>>> print(open('work-v2.txt').read())   # compact mmCIF, C-alpha atoms
# COMPACT_ATOMS: atom_id res chain seq x y z
CA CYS A 1971 11.19 4.89 1.78
CA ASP A 1972 11.73 1.50 3.43
CA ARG A 1973 14.46 0.64 0.92
CA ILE A 1974 16.52 3.78 1.59
CA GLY A 1975 16.04 3.08 5.30
CA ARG A 1976 16.88 -0.58 4.81
CA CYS A 1977 18.41 -1.06 8.28
CA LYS A 1978 19.52 0.61 11.53
CA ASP A 1979 16.17 0.82 13.36
CA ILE A 1980 14.41 3.33 11.11
CA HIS A 1981 11.70 5.55 12.62
CA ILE A 1982 8.72 6.59 10.48
CA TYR A 1983 6.43 9.38 11.69
CA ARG A 1984 3.05 10.14 10.10
CA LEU A 1985 1.11 13.35 10.75
CA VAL A 1986 -2.68 13.16 10.32
CA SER A 1987 -5.18 15.91 11.09
CA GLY A 1988 -7.48 14.90 13.92
CA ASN A 1989 -11.26 14.86 13.59
CA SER A 1990 -11.10 14.87 9.78
CA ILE A 1991 -11.70 12.55 6.85
CA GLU A 1992 -7.92 12.14 6.56
CA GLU A 1993 -7.98 9.64 9.44
CA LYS A 1994 -10.81 7.74 7.75
CA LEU A 1995 -8.89 7.58 4.46
CA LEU A 1996 -5.77 6.44 6.32
CA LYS A 1997 -7.52 3.63 8.20
CA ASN A 1998 -9.52 2.75 5.05
CA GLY A 1999 -7.88 3.63 1.74
CA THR A 2000 -9.07 0.69 -0.36
CA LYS A 2001 -12.17 2.55 -1.57
CA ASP A 2002 -10.19 3.82 -4.56
CA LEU A 2003 -9.50 0.23 -5.64
CA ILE A 2004 -12.92 -1.20 -4.75
CA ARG A 2005 -14.41 1.26 -7.27
CA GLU A 2006 -12.14 0.21 -10.17
CA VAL A 2007 -15.27 -0.35 -12.32
CA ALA A 2008 -15.56 1.65 -15.55
CA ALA A 2009 -14.85 5.30 -14.74
CA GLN A 2010 -16.88 8.38 -15.74
CA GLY A 2011 -19.92 7.63 -13.61
CA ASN A 2012 -18.93 4.94 -11.12
CA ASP A 2013 -21.66 6.02 -8.68
CA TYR A 2014 -20.65 3.37 -6.13
CA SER A 2015 -19.66 3.53 -2.44
CA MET A 2016 -23.09 4.36 -1.04
CA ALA A 2017 -22.52 3.18 2.54
CA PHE A 2018 -18.93 4.47 2.60
CA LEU A 2019 -20.22 8.06 2.73
CA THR A 2020 -20.19 7.84 6.54
CA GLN A 2021 -16.42 8.39 6.46
CA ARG A 2022 -16.70 11.68 4.55
CA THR A 2023 -19.29 13.04 6.98
CA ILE A 2024 -17.14 12.21 10.02
CA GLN B 1203 34.95 -25.14 -18.56
CA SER B 1204 33.99 -25.33 -14.88
CA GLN B 1205 34.05 -27.93 -12.11
CA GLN B 1206 31.11 -26.52 -10.13
CA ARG B 1207 28.05 -24.36 -10.74
CA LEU B 1208 25.81 -22.26 -8.49
CA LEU B 1209 22.46 -20.72 -9.44
CA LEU B 1210 20.28 -18.10 -7.76
CA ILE B 1211 16.52 -17.90 -8.34
CA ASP B 1212 13.82 -15.86 -6.61
CA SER B 1213 11.13 -18.55 -6.90
CA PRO B 1214 10.33 -21.21 -9.53
CA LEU B 1215 6.97 -22.14 -11.02
CA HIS B 1216 4.95 -25.00 -9.56
CA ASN B 1217 3.50 -26.33 -12.82
CA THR B 1218 5.33 -26.51 -16.17
CA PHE B 1219 7.75 -29.25 -15.14
CA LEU B 1220 9.71 -28.64 -18.36
CA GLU B 1221 11.59 -25.70 -16.83
CA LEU B 1222 12.37 -27.56 -13.60
CA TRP B 1223 13.62 -30.61 -15.49
CA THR B 1224 15.78 -28.48 -17.79
CA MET B 1225 17.31 -26.68 -14.81
CA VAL B 1226 17.98 -29.98 -13.02
CA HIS B 1227 19.60 -31.34 -16.20
CA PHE B 1228 21.83 -28.28 -16.66
CA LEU B 1229 22.87 -28.46 -12.99
CA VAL B 1230 24.90 -31.60 -13.75
CA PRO B 1231 24.93 -33.51 -17.09
CA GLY B 1232 24.11 -36.93 -15.68
CA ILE B 1233 20.34 -37.20 -16.19
CA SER B 1234 18.38 -38.15 -19.31
CA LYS B 1255 0.03 -35.97 -4.30
CA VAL B 1256 1.60 -34.70 -7.52
CA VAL B 1257 3.27 -31.68 -5.91
CA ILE B 1258 4.23 -33.83 -2.91
CA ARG B 1259 6.04 -36.36 -5.10
CA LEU B 1260 7.66 -33.56 -7.11
CA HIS B 1261 9.06 -32.07 -3.90
CA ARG B 1262 10.17 -35.53 -2.76
CA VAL B 1263 12.13 -36.02 -5.99
CA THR B 1264 13.82 -32.62 -5.58
CA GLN B 1265 14.93 -33.33 -1.99
CA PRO B 1266 18.61 -34.23 -2.55
CA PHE B 1267 19.33 -30.94 -4.37
CA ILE B 1268 17.23 -28.15 -2.85
CA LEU B 1269 17.67 -25.42 -0.22
CA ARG B 1270 14.77 -23.00 0.28
CA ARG B 1271 13.51 -20.83 3.12
CA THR B 1272 10.72 -18.35 3.80
CA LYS B 1273 10.67 -14.86 5.29
CA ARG B 1274 9.70 -16.23 8.72
CA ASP B 1275 13.39 -15.96 9.65
CA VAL B 1276 13.19 -12.14 9.74
CA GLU B 1277 11.60 -12.41 13.19
CA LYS B 1278 14.20 -11.01 15.62
CA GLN B 1279 16.81 -11.23 12.83
CA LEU B 1280 17.95 -7.62 13.32
CA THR B 1281 14.88 -6.50 11.30
CA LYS B 1282 13.60 -3.64 13.48
CA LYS B 1283 10.97 -1.40 11.88
CA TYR B 1284 9.13 1.32 13.80
CA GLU B 1285 6.08 3.38 12.80
CA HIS B 1286 4.40 5.99 15.01
CA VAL B 1287 1.15 7.72 14.06
CA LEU B 1288 1.02 11.17 15.69
CA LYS B 1289 -2.39 12.80 16.09
CA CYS B 1290 -2.49 16.59 15.74
CA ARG B 1291 -5.53 18.84 16.11
CA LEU B 1292 -6.50 21.59 13.67
CA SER B 1293 -5.91 25.32 14.02
CA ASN B 1294 -8.67 27.92 14.23
CA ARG B 1295 -8.09 28.85 10.58
CA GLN B 1296 -8.17 25.15 9.67
CA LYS B 1297 -11.40 24.66 11.63
CA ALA B 1298 -12.97 27.65 9.86
CA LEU B 1299 -11.93 26.45 6.41
CA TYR B 1300 -13.16 22.92 7.16
CA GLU B 1301 -16.54 24.18 8.35
CA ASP B 1302 -16.80 26.40 5.27
CA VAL B 1303 -15.98 23.56 2.87
CA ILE B 1304 -18.31 21.02 4.48
CA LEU B 1305 -20.98 23.75 4.78
CA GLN B 1306 -21.35 24.62 1.10
CA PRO B 1307 -23.41 23.63 -1.96
CA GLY B 1308 -21.09 20.62 -2.13
CA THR B 1309 -23.20 19.05 0.63
CA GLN B 1310 -25.70 17.87 -1.98
CA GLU B 1311 -22.79 16.59 -4.07
CA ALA B 1312 -21.45 14.76 -1.02
CA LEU B 1313 -24.93 13.22 -0.64
CA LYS B 1314 -24.57 11.56 -4.07
CA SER B 1315 -26.56 14.04 -6.16
CA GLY B 1316 -24.58 13.81 -9.41
CA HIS B 1317 -21.19 12.56 -10.61
CA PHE B 1318 -20.65 10.89 -7.25
CA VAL B 1319 -17.06 9.71 -7.75
CA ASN B 1320 -15.93 13.02 -9.26
CA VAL B 1321 -17.42 15.24 -6.55
CA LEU B 1322 -16.20 12.89 -3.82
CA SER B 1323 -12.65 12.99 -5.20
CA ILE B 1324 -12.82 16.78 -5.52
CA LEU B 1325 -13.97 17.16 -1.91
CA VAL B 1326 -11.28 14.75 -0.69
CA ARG B 1327 -8.63 16.74 -2.55
CA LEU B 1328 -9.94 20.03 -1.16
CA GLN B 1329 -9.93 18.73 2.41
CA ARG B 1330 -6.44 17.35 1.77
CA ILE B 1331 -4.97 20.70 0.73
CA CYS B 1332 -6.96 22.24 3.59
CA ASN B 1333 -4.42 20.73 6.03
CA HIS B 1334 -2.69 24.13 5.73
CA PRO B 1335 -4.73 27.31 5.13
CA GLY B 1336 -1.77 29.05 3.48
CA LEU B 1337 -2.20 26.76 0.46
CA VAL B 1338 -5.86 27.45 -0.34
CA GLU B 1339 -5.80 30.87 1.36
CA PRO B 1340 -2.47 32.59 0.56
CA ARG B 1341 -1.86 35.25 3.19
CA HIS B 1342 -0.58 38.37 1.41
CA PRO B 1343 0.76 41.70 2.68
CA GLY B 1344 -1.67 44.53 3.27
CA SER B 1345 -0.02 47.14 1.07
CA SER B 1346 -1.31 50.70 1.27
>>> encode(input="work-v2.txt", output="structure tokens")
Amino acid sequence: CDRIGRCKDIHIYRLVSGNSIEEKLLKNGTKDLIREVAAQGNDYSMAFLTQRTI
Amino acid sequence: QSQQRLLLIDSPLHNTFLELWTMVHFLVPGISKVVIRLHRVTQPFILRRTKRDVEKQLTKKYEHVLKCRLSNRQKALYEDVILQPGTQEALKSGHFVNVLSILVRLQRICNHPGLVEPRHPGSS
């Protein structure tokens, strides 16, 4: 997306639903990588549940 | 047969001096604290720069995050999803990663009720 808009003052707009977990995932999206341990029963991210609730 | 030569490289390796020496030799055929001395030796023939030049160098990028509330249908679907047996799954009851990913996907497609709830005509 940045490559195609390589120059000429490109404008990027992002739509995110308010008061939803989408904002939490946007601000913090590294959880997918932090849990790169063996799949099929990771069972990690205990404290990160606060984002799903809010 | 050429009187001059020009080479383009993205970035060379720090260690493995063999490659650097071979490149310097093939530049011109007239040659037979560690990193500091290596850079000092490569002073006469070197021209490098970093991306710090992009500052005010016509590189103008703009990003605007626009917040948008949910519709009544969206609110209803969200309340329904969060208020379901999945609550226990969200509380890390079993297969935590799987149920979390499933709930995230559901809430993601819930950004438009027409996707999960396809409005259809009321035929008679």
>>> closest_residue(input="work-v2.txt", among="B:1319, B:1290, B:1208, B:1305", to="residue 2007 (chain A)", atoms="all atoms listed in the file")
B:1319
>>> atom_distance(input="work-v2.txt", atom1="CA of residue 1316 (chain B)", atom2="CA of residue 2015 (chain A)")
13.4 Å
>>> interface_residues(input="work-v2.txt", of="chain B", to="chain A", cutoff="9 Å", atoms="only C-alpha atoms", output="VMD selection string")
chain B and resid 1280 to 1292 1300 1304 1312 to 1314 1316 to 1320 1322 1325 to 1326 1329 to 1330 1333
>>> atom_distance(input="work-v2.txt", atom1="CA of residue 1299 (chain B)", atom2="CA of residue 1341 (chain B)")
13.8 Å
>>> residues_around(input="work-v2.txt", residues="region 1259-1273 of chain B", least_positions_apart="2", cutoff="10 Å", atoms="all atoms listed in the file", output="PDB file with C-alpha atoms, in the frame of the given file")
ATOM      1  CA  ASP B1212      13.820 -15.860  -6.610  1.00  0.00           C
ATOM      2  CA  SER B1213      11.130 -18.550  -6.900  1.00  0.00           C
ATOM      3  CA  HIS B1216       4.950 -25.000  -9.560  1.00  0.00           C
ATOM      4  CA  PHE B1219       7.750 -29.250 -15.140  1.00  0.00           C
ATOM      5  CA  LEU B1222      12.370 -27.560 -13.600  1.00  0.00           C
ATOM      6  CA  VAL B1226      17.980 -29.980 -13.020  1.00  0.00           C
ATOM      7  CA  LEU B1229      22.870 -28.460 -12.990  1.00  0.00           C
ATOM      8  CA  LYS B1255       0.030 -35.970  -4.300  1.00  0.00           C
ATOM      9  CA  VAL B1256       1.600 -34.700  -7.520  1.00  0.00           C
ATOM     10  CA  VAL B1257       3.270 -31.680  -5.910  1.00  0.00           C
ATOM     11  CA  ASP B1275      13.390 -15.960   9.650  1.00  0.00           C
ATOM     12  CA  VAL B1276      13.190 -12.140   9.740  1.00  0.00           C
ATOM     13  CA  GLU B1277      11.600 -12.410  13.190  1.00  0.00           C
TER      14      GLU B1277
END
>>> atom_distance(input="work-v2.txt", atom1="CA of residue 1997 (chain A)", atom2="CA of residue 1307 (chain B)")
27.5 Å
>>> closest_residue(input="work-v2.txt", among="B:1321, B:1230, B:1338, B:1210", to="residue 1295 (chain B)", atoms="all atoms listed in the file")
B:1338
>>> axis_aligned_box(input="work-v2.txt", around="region 2001-2017 of chain A", padding_each_side="6 Å", output="JSON")
{"center_x": -16.3, "center_y": 3.6, "center_z": -6.6, "size_x": 25.6, "size_y": 21.6, "size_z": 30.3}
>>> build_atoms(input="work-v2.txt", residues="region 1304-1317 of chain B", atoms="N, CA, C and O atoms", output="short mmCIF file (atom, residue, chain, number, x, y, z; two decimals), keeping the file's coordinate frame")
data_model
loop_
_atom_site.label_atom_id
_atom_site.label_comp_id
_atom_site.auth_asym_id
_atom_site.auth_seq_id
_atom_site.Cartn_x
_atom_site.Cartn_y
_atom_site.Cartn_z
N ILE B 1304 -17.25 22.00 4.25
CA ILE B 1304 -18.31 21.02 4.48
C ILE B 1304 -19.68 21.70 4.43
O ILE B 1304 -20.67 21.09 4.02
N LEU B 1305 -19.74 22.97 4.83
CA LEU B 1305 -20.98 23.75 4.78
C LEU B 1305 -20.96 24.59 3.51
O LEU B 1305 -20.62 25.77 3.51
N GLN B 1306 -21.35 23.96 2.40
CA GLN B 1306 -21.35 24.62 1.10
C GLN B 1306 -22.30 23.85 0.19
O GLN B 1306 -22.82 22.79 0.57
N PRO B 1307 -22.55 24.36 -1.02
CA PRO B 1307 -23.41 23.63 -1.96
C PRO B 1307 -22.92 22.21 -2.21
O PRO B 1307 -23.70 21.34 -2.62
N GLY B 1308 -21.64 21.96 -1.97
CA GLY B 1308 -21.09 20.62 -2.13
C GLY B 1308 -21.75 19.58 -1.25
O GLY B 1308 -21.59 18.38 -1.51
N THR B 1309 -22.49 20.01 -0.22
CA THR B 1309 -23.20 19.05 0.63
C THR B 1309 -24.07 18.13 -0.21
O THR B 1309 -24.03 16.90 -0.04
N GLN B 1310 -24.88 18.69 -1.11
CA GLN B 1310 -25.70 17.87 -1.98
C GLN B 1310 -24.85 16.95 -2.83
O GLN B 1310 -25.20 15.78 -3.05
N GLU B 1311 -23.71 17.45 -3.32
CA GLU B 1311 -22.79 16.59 -4.07
C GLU B 1311 -22.24 15.48 -3.19
O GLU B 1311 -22.11 14.33 -3.64
N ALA B 1312 -21.92 15.79 -1.94
CA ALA B 1312 -21.45 14.76 -1.02
C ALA B 1312 -22.54 13.73 -0.73
O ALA B 1312 -22.23 12.58 -0.41
N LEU B 1313 -23.80 14.12 -0.85
CA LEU B 1313 -24.93 13.22 -0.64
C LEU B 1313 -25.29 12.45 -1.90
O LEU B 1313 -26.42 11.95 -2.01
N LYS B 1314 -24.36 12.33 -2.85
CA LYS B 1314 -24.57 11.56 -4.07
C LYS B 1314 -25.74 12.13 -4.89
O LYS B 1314 -26.76 11.47 -5.12
N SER B 1315 -25.58 13.38 -5.31
CA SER B 1315 -26.56 14.04 -6.16
C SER B 1315 -26.25 13.85 -7.64
O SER B 1315 -27.16 13.57 -8.43
N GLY B 1316 -24.99 13.99 -8.03
CA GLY B 1316 -24.58 13.81 -9.41
C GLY B 1316 -23.08 13.71 -9.55
O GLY B 1316 -22.34 14.43 -8.88
N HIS B 1317 -22.62 12.82 -10.43
CA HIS B 1317 -21.19 12.56 -10.61
C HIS B 1317 -20.54 12.26 -9.26
O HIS B 1317 -19.66 12.98 -8.78
#
